[PDB]
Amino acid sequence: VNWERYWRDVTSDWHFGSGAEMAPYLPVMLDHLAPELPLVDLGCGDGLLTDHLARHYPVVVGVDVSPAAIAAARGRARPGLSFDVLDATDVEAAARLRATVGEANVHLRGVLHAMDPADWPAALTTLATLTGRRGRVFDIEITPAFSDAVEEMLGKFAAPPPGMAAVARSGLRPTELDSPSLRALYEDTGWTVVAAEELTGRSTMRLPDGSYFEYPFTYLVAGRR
């Protein structure tokens, strides 16, 4: 609903940046996600990354809660790449997709921290409906360490007035899922974690102390039984 707003304002604005620059986890995906299966990009947004995943996967469906995102994404449609609206909370939509495309792998980039922790049960049921017993999910999320990285950065290049560092902290509300809490979310719902590492994305922009801001991510790959 607020994500519908965000994609209307972003789309007021083929070729590909570099290699594994877009998807540095790609080798992990090909290693753990059967390529013979179709791939759903849950929370595909404007389809940029979905397009780049398609270079490697022959049957790809991006889906997203926002109709703006899908409409913009739909621009990139081709044979073997397709886009559709789907709320990860709407298990009956997930069922309808599963029965269309078949058992499928599912890649999420940023989706769990994109929604209320109360919608996670439904989202994970959706993932389970899409995967059946042959499909696997690749899920990557920005860690609570991101807020620690913004706190540090405000700390030295935009310090709050004196004695106001902890009030600044109060406004820096972290994400819920680190490495262990991502693994607990999948395991407590009946998933087998096949793989699970961390991953950092540096900024090409040089901060005054010759440091580079680091965006901290964490991913796992999971399957049912």
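In case it trips you up, residue 1 is the first one in the sequence shown, and so on.
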Here the number of deposited-sequence residues unresolved in the coordinates between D13 and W14 is 4 to 9
Higher of the two mean Cα B-factors (26-34, 183-191; per PDB record) comes from 26-34
Higher avg CA temperature factor (38-46 vs 156-164, as deposited) belongs to 156-164
On the chain's distribution of Cα B-factors, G75 falls within the third called highest
Of the three thirds of the chain ranked by Cα temperature factor, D51 occupies the middle
Of the three thirds of Cα B-factor ranks in this chain, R96 occupies the middle
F213: CA temperature factor from the record, placed by chain third, in the middle
Here the Cα B-factor of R136, set against its chain, lands in the third termed middle
